[PDB]
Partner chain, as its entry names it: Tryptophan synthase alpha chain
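The chain that follows stands alone, in the form solved without its partner chain, written as structure tokens.
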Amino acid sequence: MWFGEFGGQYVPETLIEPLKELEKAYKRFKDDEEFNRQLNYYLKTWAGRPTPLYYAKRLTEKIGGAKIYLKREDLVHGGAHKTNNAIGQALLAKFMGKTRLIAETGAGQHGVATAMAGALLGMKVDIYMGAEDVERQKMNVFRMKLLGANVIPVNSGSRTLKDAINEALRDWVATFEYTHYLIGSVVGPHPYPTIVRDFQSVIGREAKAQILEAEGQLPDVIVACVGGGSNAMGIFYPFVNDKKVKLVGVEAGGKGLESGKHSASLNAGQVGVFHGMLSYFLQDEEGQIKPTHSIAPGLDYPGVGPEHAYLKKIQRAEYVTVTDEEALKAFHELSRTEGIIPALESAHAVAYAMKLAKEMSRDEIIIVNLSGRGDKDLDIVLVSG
């Protein structure tokens, strides 16, 4: 439950029962034969795991620095890493005898991931979404609806994510009997930060085995973008003990850190409690959840997972920020150079790995976690016009 002084279970009495049932279920099942047999079956024949580790030769050479490898999570069914975590908890909820999935979503990306899983396993799916976001993400709402999920707008409060989260919790408290609260990142009250990370670690395991086959050695630096921090942890974890492996997390710099328009919790947030956990969040002078801005929809969460705040404390991992302008430039660069259109989120890690690579030696290895494809960001990019 604790990663140093970050984490916990800051939740009402009402939520203690479900959370213990969940943590219990996860314990037994965590390594149960079948559950894993089933999970690996869907992950394989449905999600298309494992994803390849691609060496961006053209890009590296154009920079004349370290070797830049892309862990292709953009190729998993759905286009994003979120699918890993979604199949996991959905399958777990199935094993728990649950028949309904609920979740909140800012950009709508996690909502889609949940809807996909729900649909796959024949479970009812209700997605809470701040009316503000719903009117901003017409396509993801449409996408979730095509998959058979129900989108429940939230007009209470500021009609945003925090409001969706509250509504989601509300629903779970009363329906947890047959309803599972599918959290989308390594956040929320225990055991969520741990469960999500375990479900994403598979990224790191493959990426490890793959880099050993392609280079016969572990990488020098691993770079991933950080919103809640799930794709970062998923690929970070397997290398936490390999001391020589540097870990770099990239947060959204937005219009610039000094402009207040960003979503860099770790670099500009303060410690506090939100979503049932103790970690870094972006508040206002009154302890209220403050805005988030990033050309990247998925880097909207007003905070970051506890394990990341921890890793930052013990200095096992370094956390930087990249601006919208930089990410947007990286987006165009990969597309033109490697014929790969990355998600705007991923473009943040790419942007930084690029700077980093330039200041390194030809045979130093950098593994960038390409968390997703950018088909979904074409409209917003079409900014460039």
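Positions refer to the first chain, counted from 1.
- In this entry, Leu382 is separated from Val383 by 1 to 3 residues of the deposited sequence that have no coordinates.
- According to the PDB record, 166-174 carries the higher mean C-alpha B-factor of the two stretches 166-174 and 198-206.
- For the pair 281-289 and 100-108, the mean B factor over Cα atoms is greater in 281-289.
- As recorded in the entry, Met360 carries the highest CA temperature factor of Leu334, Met360, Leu70, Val322.
- Of the residues listed, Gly228, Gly88, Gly260, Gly249, the entry assigns the biggest Cα temperature factor to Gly260.
- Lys30: CA B factor lies in the highest third for its chain, per the PDB record.
- Per the deposited record, the Cα B-factor of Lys62 falls in the highest third when ranked against the other modelled residues of its chain.
- Among the modelled residues of its chain, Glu135 has a C-alpha B-factor that falls in the highest third, as given in the PDB entry.
- Among all modelled residues in this chain, the alpha-carbon of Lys312 has a temperature factor (C-alpha) in the highest third.
- Among the modelled residues of the chain, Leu39 sits in the highest third by CA temperature factor in this PDB entry.
Keep in mind that the form deposited with its partner chain bound is not shown, yet the notes after this line are about it.
- The stretch among 227-235, 304-312, 166-174, 192-200 whose residues place heavy atoms within 4.5 Å of its partner chain in the entry with it bound is 166-174.
- Listed residues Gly130, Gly204, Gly276, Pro297 were compared with its partner chain in the entry with it bound; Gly276 is the one with a heavy atom within 4.5 Å.
- In the entry with it bound, at least one heavy atom of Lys162 sits within 4.5 Å of its partner chain.
- Among residues of the shown chain, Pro291 is not one whose heavy atoms approach its partner chain to within 4.5 Å in the entry with it bound.
- Not displayed here, its partner chain is approached by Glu17 to within 4.5 Å at the level of heavy atoms in the entry with it bound.
- Although the partner is absent here, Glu135 is not a contact residue: none of its heavy atoms lies within 4.5 angstroms of its partner chain in the entry with it bound.
- Contact with its partner chain in the entry with it bound, defined as a heavy atom within 4.5 Å, is made by none of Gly4, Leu257 and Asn267.
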